[PDB]
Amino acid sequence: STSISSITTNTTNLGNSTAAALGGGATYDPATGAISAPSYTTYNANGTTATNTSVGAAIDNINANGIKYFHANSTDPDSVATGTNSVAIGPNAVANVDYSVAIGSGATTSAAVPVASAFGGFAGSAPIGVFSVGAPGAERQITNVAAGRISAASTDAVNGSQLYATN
């Protein structure tokens, strides 16, 4: 009788503390023993959100569709980053060269080639690694590039209008 009272008090503490730990608006109802389902919002890649009613569904959505501000629309193999401090972003991206980035579907990394001259005094003649936007035969056109400084010191990229102008 005191034992019964002890149990119901304890199961209410169990219920409440499980509900607290879950968050997402979960609540415990001592009348039924039920924790109301949590609601966890995840961000789809198409400008919409999903409501998840379990932690596992939310975790799965995070991997399948990304997080807010970081979306890759794919079902293809995961990116692979094995280079030291390397970053691989998008389906089938591979960043195996150290201190490098592969970004874009199927992007790969190969070793940087130092270029000091070809015309001398090039800035950024000693690359730490590569920043790849694609792969051989699968190149990407880099777009919306502001005009870069044209100077001996400049490590800004140059755009097509600048090459147009010099010619």
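Just count from 1 along the sequence shown to find any residue number.
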| property | result |
| --- | --- |
| Unmodelled deposited residues between residue 31 and residue 32, binned | none |
| Selected stretch [higher average CA B-factor]: 109-117 or 43-51 | 109-117 |
| Between 31-39 and 120-128 (mean CA B-factor, as deposited), the higher | 120-128 |
| Modelled-residue ranking by C-alpha temperature factor, third containing residue 9 | highest |
| Residue 153 CA temperature factor, ranked by third within the chain | middle |
